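**Q** One line per chain: the protein sequences are C and Z, in this order.
In case it helps, the working numbering puts the first sequence at residues 51 to 320.
In case it helps, the working numbering puts the second sequence at residues 2 to 1000.
Note that the Cβ used here is the ideal one computed from N, Cα and C, for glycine as well.
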Amino acid sequence: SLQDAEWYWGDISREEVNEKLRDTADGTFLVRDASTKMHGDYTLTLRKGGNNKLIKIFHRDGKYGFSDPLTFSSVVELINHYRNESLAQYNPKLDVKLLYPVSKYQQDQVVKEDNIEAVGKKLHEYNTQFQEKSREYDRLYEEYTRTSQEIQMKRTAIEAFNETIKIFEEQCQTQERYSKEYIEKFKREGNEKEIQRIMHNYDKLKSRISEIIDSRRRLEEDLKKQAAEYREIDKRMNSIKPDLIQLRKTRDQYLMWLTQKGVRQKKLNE
Amino acid sequence: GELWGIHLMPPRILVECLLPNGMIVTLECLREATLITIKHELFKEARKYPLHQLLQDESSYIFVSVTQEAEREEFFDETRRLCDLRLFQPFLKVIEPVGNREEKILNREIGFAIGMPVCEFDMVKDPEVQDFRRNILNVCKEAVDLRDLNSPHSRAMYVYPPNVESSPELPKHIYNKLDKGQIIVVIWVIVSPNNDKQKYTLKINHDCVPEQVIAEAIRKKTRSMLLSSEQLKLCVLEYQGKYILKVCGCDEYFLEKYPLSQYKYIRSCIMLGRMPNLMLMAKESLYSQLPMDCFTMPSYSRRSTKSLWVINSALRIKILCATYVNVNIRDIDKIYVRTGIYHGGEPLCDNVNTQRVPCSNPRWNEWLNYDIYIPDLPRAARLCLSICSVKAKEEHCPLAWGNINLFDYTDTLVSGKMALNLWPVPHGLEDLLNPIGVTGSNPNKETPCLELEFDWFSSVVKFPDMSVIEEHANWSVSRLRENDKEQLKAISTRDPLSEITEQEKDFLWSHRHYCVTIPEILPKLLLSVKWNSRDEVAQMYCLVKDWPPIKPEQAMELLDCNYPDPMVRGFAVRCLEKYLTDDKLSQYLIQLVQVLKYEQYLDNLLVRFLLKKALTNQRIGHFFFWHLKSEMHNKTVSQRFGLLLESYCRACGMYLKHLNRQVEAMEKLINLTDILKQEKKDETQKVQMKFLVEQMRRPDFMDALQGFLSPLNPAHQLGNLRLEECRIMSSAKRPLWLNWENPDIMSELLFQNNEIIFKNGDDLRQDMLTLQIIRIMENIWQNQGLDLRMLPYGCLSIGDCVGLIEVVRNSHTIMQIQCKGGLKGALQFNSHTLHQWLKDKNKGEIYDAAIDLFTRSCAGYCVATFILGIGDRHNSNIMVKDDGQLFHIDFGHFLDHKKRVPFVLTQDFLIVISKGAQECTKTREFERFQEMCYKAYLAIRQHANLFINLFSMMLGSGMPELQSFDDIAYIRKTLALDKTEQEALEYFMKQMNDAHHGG
Ligand SMILES: CNC(=O)c1cnc(Nc2ccccc2C)c(NC(=O)c2cc(F)cc(Br)c2)c1
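(1) Taking any Cβ of chain C, which residues in the stretch 346-375 of chain Z have a Cβ under 9 Å from it, in chain order?
(2) At least one CB of chain Z closer than 8 Å to the CB of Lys254/C: is that the case?
(3) Along the chain, where does the beta strand (DSSP E) containing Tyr343/Z start, and where does it finish?
(4) In whole angstroms, what is the alpha-carbon distance linking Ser493/Z and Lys87/C?
(5) Closer than 8 Å, CB to CB, is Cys18/Z near chain C or not?
(6) So, does the CB of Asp967/Z fall closer than 8 Å to a CB anywhere in chain C?
(7) Find the residues of chain Z that neighbour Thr206/C, judging by a C-beta separation of less than 9 Å, and give them in chain order.
(8) CB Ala47/Z to CB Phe296/Z, shorter than 8 Å?
(9) From what residue to what residue does the alpha helix (DSSP H) around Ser167/Z run?
(10) Beta-carbon of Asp853/Z versus every beta-carbon of chain C: anything under 8 Å?
(11) Pull out every residue of the stretch 88-122 of chain Z whose Cβ sits closer than 9 Å to any Cβ of chain C, in chain order.
(12) Where the beta carbon is closer than 7 Å to any heavy atom of ligand 1, which residues qualify, in chain order?
(13) Take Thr195/C as the anchor and find which of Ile62/C, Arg301/C, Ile283/C and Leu94/C has the nearest alpha-carbon.
(14) Please report the distance separating the alpha-carbon of residue 1/Z from that of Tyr301/Z.
(15) Starting from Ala850/Z and walking both ways along the alpha helix (DSSP H), at which residues does that stretch end?
(16) Counting only beta-carbon atoms, is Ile248/C nearer than 8 Å to chain Z?
(17) If we ignore side chains and look at the alpha-carbon of each, how far apart do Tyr542/Z and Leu646/Z end up?
(18) Could you name the residues of the stretch 525-555 of chain Z whose beta carbon sits closer than 8 Å to any beta carbon of chain C, in the order they occur along the chain?
(19) Please tell me whether residue 1/Z and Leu951/Z are closer than 8 Å, where the distance is taken between their beta carbons.
(20) Is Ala401/Z helix, strand or coil by DSSP?
(21) Using DSSP bridges, identify the partner residues of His889/Z.
(22) What are the boundary residues of the alpha helix (DSSP H) that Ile806/Z is part of?
(23) Kindly indicate if chain C contains any beta-carbon less than 8 Å away from that of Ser390/Z.
(24) Name the chain C residues whose beta carbon is nearer than 7 Å to that of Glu447/Z?
(25) Anything in chain Z within Cβ reach of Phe116/C, meaning under 9 Å, just list it in chain order.
(26) Cα-Cα, which of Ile62/C, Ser184/C and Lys171/C is closest to residue 34/C?
(27) Any idea if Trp368/Z is buried or exposed, counting beta-carbon neighbours within 10 angstroms, 16 or more meaning buried?
(28) Could you run through the stretch 54-80 of chain C and flag, in chain order, every residue whose CB is less than 8 Å away from some CB of chain Z?
(29) Looking at C-alpha atoms only, which residue of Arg156/Z, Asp883/Z, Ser390/Z and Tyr325/Z is the closest neighbour of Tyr337/Z?
(30) Check the Cβ-Cβ distances between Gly240/C and every residue of chain Z, and say whether any is below 8 Å.
(31) Could you tell me which residues DSSP puts in a beta bridge with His813/Z?
(32) For residue 321/C, return the contacting residues in chain Z, with the cut-off set at a CB-CB distance below 7 Å.
(33) In whole angstroms, what is the alpha-carbon distance linking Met10/Z and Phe89/Z?
(34) With 16 other CB atoms within 10 Å as the buried threshold, where does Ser529/Z fall?
(35) Say whether chain C places a C-beta atom closer than 8 Å to the C-beta of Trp510/Z.
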């Protein structure tokens, strides 16, 4: 029967099946009743070439197929025929067989007694564990971007310190270029007074250059330390992501026990 | 701040001055002292220091210092104040000036405009960057030559372009508000040195041109002068050529011969039933305020291989190693890099990965081999890759990503070793690859860097010239019908995101030659091409070379991320530059800017088209600048948009002077709000208010915030501040409510005051897109004849979570109006309080008009919000004017909060719609109210393709609401595009009767 088949999921959306053939191997397959929501009309989707290639299953006189010449009695006969041999005799550029299905209940990972507390208690537990970890992930990404911008603000500030220090160093190298032989002249004229005016200003020049040089390393220190705490926030998020994804799926598929009955009462308590 | 870590300078500070001799002089100088004053007093004080004998004359030097942008800036413009220099530290180095002064002064002004120094571009190694800077300067001279052509008129047409609808053809409901096909309009004339003016009322055809309006006015005044037919002509000739018309209260002018009813101001005066007030103004006065503005070429402007189709080998790439990967070695098992070869969003071949590797040693040295023949590569092929971790069940995650163009902008195939820094993976994305992301290396330092090597084929390899591509098509093509006709047309009807199966696409590829009879099919046919086959691609190139032009609303789809081929995109651009009006360009400019992110290279037909238009029309140029400037913080496009902004500012003429006055205004406001956001957040509301008024009363602030143009609409001058009425607001991020006087000579005829909200802290680009989308729906309904009045108020993002919002005068929230009423039920507000307040503000005959306006506007927002999934709004998110017009606000707030009702239709609204009746859902007012909703719903569904394209073009924005096409699928549900009309209509009715709950 088609109604009970592994690979017939029913009225799934294109986005929900795209989410299910993600990164899958060539040959994974899945069929829906067409999104056009018309009775007895179906679409096949399988993975080939990193793409989800859709094919329409035409229906006429109770027969089935996906081409104008139409043959098969049921979709299960149409599909199992191409689980066996290559579909390349039709639309020949693709050739992979209908290898691997994905099914609607072959992953109901509920362990023990099927009491309803497996939903009314264990679902509320995972969903609580999910929103807590999702709140931490969002908080991480907030201070992650905050630390990211405060870093480039410091990187440009030290880069500015570099230009100010470059301009003060050239000032010292021109102070010695144009004062060297004025010192040597005041030396033999016995004018220690003027020599100490020049030196008093030189000492003041390379006294302030030391202040901004210190201001730079003091900022480079804050950058080194904030840059490291940024890397930590990164690896922490990368550690939280696969966990957050794992217990999201677990929370999602524990609605199976809720969908088994198919009415909101057992979540309506929450 | 005026100094690093300092908002304002004290009134007097010490400045370390470095002389050409190695003396250092401390100069105490006023905060406001101009550099001319600094230099003259410095060399006046220098005579007190050694070695003054070596100093040349004061005039032989300028100042150079380091700005807070880390730029060594030469201060050629010595007229600036010490505090405007944006100095990093308070010091000045004296040097002899070198280079062109005028260029240096102009570059600094450009740096302030685009928010980054122009000299940072001079340092870029990339040849693509330097070629772009030089190769679009001809687009600049094209534009300047064109607008300087017929001076002064051509120059006025650039600064004050006609604001007109795209078609003069009025719809019936607009034409019906004309007095037997005519409009009554008043002409004003300032007539006194004191400014005393006068008015002349006219009744004229709606389709008269401005020169004919001036003829009827001078004809009406010369009524009793006893002029001969020819004497009347001469003075009509005198005034037609000597005066032009201006809108009273703003800077809009009627400079070309569109019919009067096509100018938007007057199309609305008819639509709203208001009086068009115009001012007759001298042309020599208008041309006086258009100072001549030149354009000079900058300094940088002036100063063997084999084909891809000969390479007999499959594609392979070597992935070497990674660096700086941040991963917890004890929580994560191993890492591997994933790769794929893409053309847009469709893998050209199956993905392949490296082997998994310890986190402590990211090194592979693997040659990844791809199932694609090198000649089969399309030009727009891209390598997309990421580094992925893995953690019982096995589950993977991406750590960082990066995309690469297999061909560069010179058409050459990449070869040799390559190393690119990867980008962070965006919030909420689990896909292991990000193909829609930009192509390029992340400039931020200490980020995961990945190294590769591309095969080297003994020489440089280039993509084949178009010459041989067409011959390969002639080679492969050698290797009517009826019922098929109706299906092909049946496929053009389906939306851009409709499901297209294999049988349908190769059926299109089979009848690809018949498709040119239904050009609307081109996007569907292009997705049908097997792009990893050089046979089909070549055959397809020949089809698009001769494709009939499709209209812009369809051509824009071919600029989105699913159509990366340069020939396809080139065809789309040519469609726009020959069918897209400046009106519709100005509307769609939001989308058209951000499809530039999908452009593979800097220099492309699309940017040259938008840049050409921005330099020949100063209205679209204004928002062209701000939408680019608003994204400068984003490092994925800071360079592309930066280079593009440089060119625009270098050729937009005198308007750069005005733009910088806006930038400075926003830079002052963003500073005050940043202060209130952190330095004073810890203090009271009244304390913040007292700091505001004190800070705003300062002269430098008033001189920067008074007398500039409104970025929301440069036609609005912003004059003096009504400090009387400006204030902070109760919102948590505490924005500023600002009020300016309208300095127009006749401001009293439009508005005497202009009120705007400035919000620093909230992402406004959602409200922009939503308010824009609402304006599209309103324009559709109006063109169809549905007089549903929406209020897409002005809203402009200018940067990272900062922008402006237009205040709607005489408007209140439904929450405020409920608080004006009283309680009826147990603690329940009175549902009739809304209807009562409306009657208070609208007494007598005008009541019915207010009810009709409410019912029409309400119907519009019900349909709009439902389709866009903005259903449940707080009663403080809904607003209504005294006018009776209803509208919504704070759309981003709604999206930011959503991380049950289809649309808000509370009893309060139902009362006023039914004019206060019992069982209001069974009256004939409600009967024709939901008939408006139904017509409006299917009216939008008829245009569903346009909206889906507009949102598809925003995917690269980085708006978390638009990360994948799956996000856009919601609008296919609300519009029920996988169902027919009567099915969609029944779906919408079903939904509204859940908003009413069926009682
Ligand atoms: C309670 N609401 C929902 O459940 C919901 C679900 N899917 C949606 N998809 C969707 C559809 C059309 C356009 C854009 C998007 C993202 C939306 N719409 C938006 O989020 C939206 C609407 C705008 F007008 C502007 C911006 Br910006 C974002 C809402």
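**A** Looking at the atomic coordinates:
(1) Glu347, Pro348, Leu349, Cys350, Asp351, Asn352 and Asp372
(2) yes
(3) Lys335 to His344
(4) 20 Å
(5) no
(6) yes
(7) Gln69, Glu70 and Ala71
(8) no
(9) Run containing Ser167/Z: none; DSSP gives neither H nor E here.
(10) no
(11) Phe89, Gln90, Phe92 and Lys94
(12) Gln767/Z, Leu770/Z, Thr771/Z, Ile774/Z, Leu869/Z, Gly870/Z, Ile871/Z, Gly872/Z, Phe892/Z, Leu896/Z, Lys899/Z, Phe952/Z, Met960/Z, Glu962/Z, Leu963/Z, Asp968/Z, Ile969/Z, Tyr971/Z and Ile972/Z
(13) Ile283/C
(14) Missing from the structure shown is residue 1/Z; chain Z here goes from 2 to 1000 and no further.
(15) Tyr848 to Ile868
(16) yes
(17) 33 Å
(18) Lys531
(19) Limits of chain Z in this structure are 2 at one end and 1000 at the other, which puts residue 1/Z out of reach.
(20) strand
(21) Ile879/Z
(22) That residue, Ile806/Z, is in no alpha helix (DSSP H); its beta strand (DSSP E) goes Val803 to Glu807.
(23) yes
(24) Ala277
(25) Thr502, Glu503 and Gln504
(26) No statement about residue 34/C is possible, as the shown extent of chain C runs from 51 to 320 and does not include it.
(27) exposed
(28) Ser63, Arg64, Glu65, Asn68, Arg72, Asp73 and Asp76
(29) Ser390/Z
(30) no
(31) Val881/Z
(32) Because chain C here runs from 51 to 320, residue 321/C falls outside it and cannot be looked at.
(33) 12 Å
(34) buried
(35) no
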